[PDB]
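In case you want the letters, here they are:
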Amino acid sequence: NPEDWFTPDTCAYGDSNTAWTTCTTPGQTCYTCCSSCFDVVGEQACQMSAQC
């Protein structure tokens, strides 16, 4: 869970769940959002997770 990661202070989504989830979806900034919805773990974790 992106509880220790994910920064809702610098992302549209204020939730780490919906954020990660909404991040792990088909779009234009699927892997780019992670770079704007995480720090290092959230991004590095969303990086591999992100199936885009």
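Residues numbered from 1 in each chain as written, not as in the entry; some residues may be left out. Heavy atoms only, no water.

K.L.:
Where do I start with the UniProt feature "disulfide bond" in the protein in this structure?
P.N.:
The UniProt disulfide joining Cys 30 and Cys 52 is present here, with an S-S separation of 2.1 Å. Of this pair, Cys 30 sits in helix α2 (residues 30-33) while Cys 52 sits in the segment after α3 (41-49), and the two are 22 residues apart along the sequence. Given a relative accessible area of 3%, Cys 30 falls into the buried group. Using a relative accessible area of 59% as the deciding quantity, one classes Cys 52 as exposed. Sulfur atoms bridged by a disulfide sit less than 2.5 Å apart; for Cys 34 and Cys 46, annotated as such a bridge in UniProt, the distance of 1.9 Å is consistent with the bond. Taken together, the residues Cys 34 in the loop between α2 and α3 and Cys 46 in helix α3 connect sequence positions twelve residues apart. Pair check on accessibility: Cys 34 and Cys 46 agree, each one buried. (Disulfide = S-S within 2.5 Å. UniProt positions renumbered as here; feature names shortened; annotations may be inferred. Helix = DSSP H or I, 4+ residues; strand = E, 2+ residues; numbered from the N terminus. Buried < 20%, exposed > 50% of the residue type's maximum accessible area, 1.4 Å probe, protein only.)

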